[PDB]
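In: Need coordinates for the below:
(2 chains, ligands or ions: 2)
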2 protein chains.
Amino acid sequence: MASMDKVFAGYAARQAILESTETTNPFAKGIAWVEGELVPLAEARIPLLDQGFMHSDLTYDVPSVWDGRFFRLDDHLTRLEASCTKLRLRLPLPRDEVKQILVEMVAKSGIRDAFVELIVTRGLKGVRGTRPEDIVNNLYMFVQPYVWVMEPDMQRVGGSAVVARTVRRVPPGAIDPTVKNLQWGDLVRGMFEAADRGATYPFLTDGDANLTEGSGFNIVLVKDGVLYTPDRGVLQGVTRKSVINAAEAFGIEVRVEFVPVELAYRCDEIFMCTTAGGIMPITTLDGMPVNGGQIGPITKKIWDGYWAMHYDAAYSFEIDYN
Amino acid sequence: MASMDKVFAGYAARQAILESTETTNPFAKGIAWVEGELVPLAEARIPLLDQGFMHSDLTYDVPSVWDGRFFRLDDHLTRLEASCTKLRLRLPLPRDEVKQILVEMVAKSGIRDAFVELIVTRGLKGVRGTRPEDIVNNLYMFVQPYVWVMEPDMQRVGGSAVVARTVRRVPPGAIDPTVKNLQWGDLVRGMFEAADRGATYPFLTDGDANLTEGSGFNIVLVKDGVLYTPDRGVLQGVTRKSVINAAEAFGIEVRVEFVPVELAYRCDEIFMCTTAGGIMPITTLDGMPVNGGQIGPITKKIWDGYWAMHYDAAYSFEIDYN
Ligand SMILES: Cc1ncc(COP(=O)(O)O)c(C=O)c1O
Ligand SMILES: Cc1ncc(COP(=O)(O)O)c(C=O)c1O
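Out: Numbering: from 1, shown residues only, chains lettered A, B, ... in the order given. Ligands and ions are numbered 1, 2, ... in the order given. Dropping the coordinates below:
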């Protein structure tokens, strides 16, 4: 309320000052690490033959900086190592070293509110016809201005979603959704359907009449004081994990379990959650209002708890910009 | 077969001559087209912010050159265009132009036995939060020495497969498999499974007890004089099409339909088919001989028919290397 005004006014203020440095500082529009080299993001180039491109044989993770403060970086670094493990990849540098390069990269950019991406690929030699010991994994890392999956102004009113019906989410026994990946075939078909049906956001089923996740976000339904989020079929979001921390402190029950589609049509409130946007209310579903079409009271306490946590020492730390 | 001798000895002869040119000709190991430029393949670099990298937002296709003759290039071009249409991409150049460039690229490398790849991506601006008319699709093309999914000498004995049980193929209502794509998370999982179980080649199910395809190839079963190949849930291969043309010429019935997993344990012969290898016999399945472990008579007739077609003007044209 006054909390949204404080978050978005501070952002816009910080953005004006970062825009001013675009003249003097060539990393102010983003910075990339490639084969040990720092370059502007618009000029970064990867080998054609990298298997991240050739066969999307990669995982990634995406921490964030708000107001000069890394949010939950170590959760994102732990998830990345665990993602690596499951695809028989290994992070090419020590994690302590990766964390320091990240802090360096944020600081030379001068970006106070940032999207940060780490990519670990199979490398220049592919799986099909190579002995596993000859395989050298490659790292890429980049910082860019914070990205909004829902713009701050649509967050005040709420977006429109559809439950997708031309597409369903890739099932875990084909590709494990707990391994962050860029195989977005289903998600792109869903974004197109959403647009075709006069909406923005797709909600994908598992094909078995339950909900999973959308094109870059988790889903959370609210119903008689209780939050419900799918357990299975979905990426275990660090924004979803924050939702859960905030709820446990406000004494609100969170249920991570199978969530049937039908529950989305008789819930009190709906919101989406991601690092690239935060807490993102849905007020219209399949062309119809969500329980009056207003942004719900619990959605709003979750919203405020989440941004408060960006200033809490347990979840964040201050970067030194020189 | 003197036919296998013919083909693999002609290959080896032309290879020895291509390898000689490697110190005079910097395109002899591969050539790539990037933003209008021709460059050695090992030096080809693509923008990191390409959505082909960022979210595998792409289709591709892979025609062949054998003994200086393009093999069914017009079929692969018509399929690339069908593929682009279904993803709402557009081939960034006319197809007549793309054809001349490819021919120039093969003639400059001096490669007679070539793997040729075309990749159409979404471009530098992602689908999410960009107006459709501002999206500018990118092309990458490259030529390299012929790739063998199964080596010549293993084609003389046959290879080992497993019906996969840790992974199943991405279903068509998540990603359309008629759309050639590089989202190989399921296929890579399969290559690991197969290897962990002392085999080379994975056969993926649909999760509904039918066969689909494997990590870079279609599957074809022979049973009492009849070929059986899956219709649904697979790429519609140009090799498979050739197999089919050769079967009808020889009076052999081909059934393109649902093929149950059971049929693979009670058939007379098995073979895989792809542009990168040709006709590839399987003689051990789940660690047991297939119908006695010998390469079978219809596999052999199909093998020869397929390489005959490379010198037939209905299916191929001679390049001028100049
Ligand atoms: C498919 C998908 N699901 C869920 C999420 C939520 O992830 P997190 O809360 O860790 O940012 C993302 C992140 O962008 C995503 O891409
Ligand atoms: C998954 C998959 N199926 C089938 C094929 C066979 O395609 P084609 O016969 O046109 O090469 C390929 C080609 O590499 C493939 O990747």
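In: My guess is residue A:160 contacts residue A:203. True?
Out: No - counting by CB atoms under 8 Å, residue A:160 stays clear of residue A:203, with 11.0 Å between them. Yep, even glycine has a C-beta here, placed from its N, CA and C like the rest.
In: Of these two, which one has the most company?
Out: When neighbours are counted by other CB atoms under 10 Å in any protein chain shown, residue A:160 and residue A:203 differ, and residue A:203 comes out ahead with 26 against 20.
In: show me the contacts for the more buried one.
Out: Neighbour list for residue A:203: A:161-164, A:211, A:214, A:219, A:264 [criterion: CB atoms under 8 Å, 6 or more residues apart in numbering or on different chains].
In: what bridges to it?
Out: residue A:163 (DSSP bridges).
In: repeat for residue A:32
Out: Under DSSP bridges, the beta-bridge partners of residue A:32 are residue A:39, residue A:142.
In: what's around it, how many residues?
Out: Neighbours around residue A:32, by other CB under 10 Å: 24.
In: List the residues that contact it.
Out: By CB under 8 Å, 6+ apart, residue A:32 lies in contact with A:38-41, A:44, A:140-143, B:48.
In: In CSV, list the C-alpha atoms belonging to the lengthiest helix in chain A.
Out: Looking across chain A with DSSP state H, the single longest helix is helix A:2-19. Presented in CSV, the C-alpha positions along helix A:2-19 are these (Å, rounded to 0.1, in the frame of the first residue of the first chain):
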residue,chain,number,x,y,z
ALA,A,2,2.5,2.5,1.4
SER,A,3,4.8,-0.5,1.2
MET,A,4,4.3,-0.9,-2.6
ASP,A,5,4.9,2.9,-3.0
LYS,A,6,8.1,2.5,-0.9
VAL,A,7,9.4,-0.4,-3.0
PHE,A,8,8.6,1.0,-6.4
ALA,A,9,9.6,4.6,-5.6
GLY,A,10,13.0,3.5,-4.3
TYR,A,11,13.5,1.3,-7.4
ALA,A,12,12.6,4.2,-9.9
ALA,A,13,14.9,6.5,-8.0
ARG,A,14,17.8,4.0,-8.1
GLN,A,15,17.0,3.4,-11.9
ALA,A,16,17.2,7.1,-12.8
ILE,A,17,20.7,7.1,-11.1
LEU,A,18,21.8,3.9,-12.9
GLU,A,19,20.6,5.3,-16.3
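In: Give me the residues contacting that helix.
Out: Contact with helix A:2-19 is made by A:28, A:67, A:110-113, A:145-146, A:152, A:155-156, A:303-304, A:307, as judged by CB under 8 Å, 6+ apart.
In: quick one: buried residues of it?
Out: For helix A:2-19, a neighbour-count test (16 or more other CB atoms under 10 Å in any protein chain shown) marks A:7, A:11, A:14, A:18 as buried.
In: Now find how far off-centre that helix is within its chain.
Out: Taking CA atoms, centre = their mean, to the nearest Å, one finds helix A:2-19 lying 21 Å from the centre of the chain it belongs to.
In: could you dump the buried residues of helix A:2-19 to JSON lines with distance to ligand 2?
Out: JSON lines is the format used below for the buried residues of helix A:2-19 (distance: CB to the nearest ligand atom, whole Å):
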{"residue": "A:7", "distance to ligand 2": "46"}
{"residue": "A:11", "distance to ligand 2": "45"}
{"residue": "A:14", "distance to ligand 2": "47"}
{"residue": "A:18", "distance to ligand 2": "44"}
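In: Tabulate the residues you listed (CSV), appending distance to residue A:104.
Out: CSV is the format used below for the buried residues of helix A:2-19 (distance: CB to CB, whole Å):
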residue, distance to residue A:104
A:7, 27
A:11, 23
A:14, 20
A:18, 18
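In: so which of the residues you listed would you say is closest to residue A:269?
Out: residue A:7 (19.8 Å; CB to CB).
In: how many neighbours does the residue lying closest to residue A:30 once chain neighbours are set aside have?
Out: Nearest residue to residue A:30, sequence neighbours excluded (CB to CB, 6 or more residues apart in numbering or on different chains): residue A:41, at 3.1 Å. Residue A:41 is flanked by 19 other residues according to other CB under 10 Å.
In: show me the contacts for residue A:41.
Out: Going by CB under 8 Å, 6+ apart, residue A:41 touches A:27, A:29-32, A:142-144, B:48-49.
In: Please apply the same query to residue A:27.
Out: A:38, A:40-41, A:108-110.
In: If you rank the residues you listed by neighbours, which is first?
Out: Among these, residue A:109 has the most neighbours (other CB under 10 Å), with 27 neighbours.
In: show me what contacts that residue?
Out: If you count contacts by CB under 8 Å, 6+ apart, residue A:109 has them with A:25, A:27-28, A:30-31, A:143.
In: Between which two of the residues you listed is the distance greatest?
Out: Checked with CB to CB, those reach their widest spread between A:25 and A:143, with 12.6 Å between them.
In: So the two - more neighbours on which side?
Out: The neighbour comparison of residue A:25 against residue A:143 (other CB under 10 Å) goes to residue A:143, with 24 against 16.
In: now residue A:226: how far from residue A:269?
Out: 11 Å (CB to CB, to the nearest Å).
In: what about residue A:248, neighbour count?
Out: Using other CB under 10 Å, residue A:248 has 11 neighbouring residues.
In: oh sorry, the question was meant for residue A:136
Out: Per other CB under 10 Å, the neighbour tally for residue A:136 reads 11.
In: Which helix or strand contains it?
Out: Using DSSP states H and E, residue A:136 sits within no helix or strand.
In: picking up where we left off before, please say which of residue A:226 and residue A:269 ends up with more neighbours.
Out: Taking neighbours as other CB under 10 Å, residue A:226 and residue A:269 compare with residue A:269 leading, 24 against 15.
In: if I pick the residue nearest to that one when sequence neighbours are not counted, what's in contact with it?
Out: Nearest residue to residue A:269, sequence neighbours excluded (CB to CB, 6+ apart): residue A:296, at 3.0 Å. Counting by CB under 8 Å, 6+ apart, residue A:296 touches A:222, A:268-269, A:271, A:281.
In: Could you rerun that using 7 Å?
Out: For residue A:296, the contacting residues are A:222, A:268-269, by CB atoms under 7 Å, 6 or more residues apart in numbering or on different chains.
In: how much space between it and ligand 2?
Out: Distance, residue A:296 to ligand 2, using CB to the nearest ligand atom, to the nearest Å: 45 Å.
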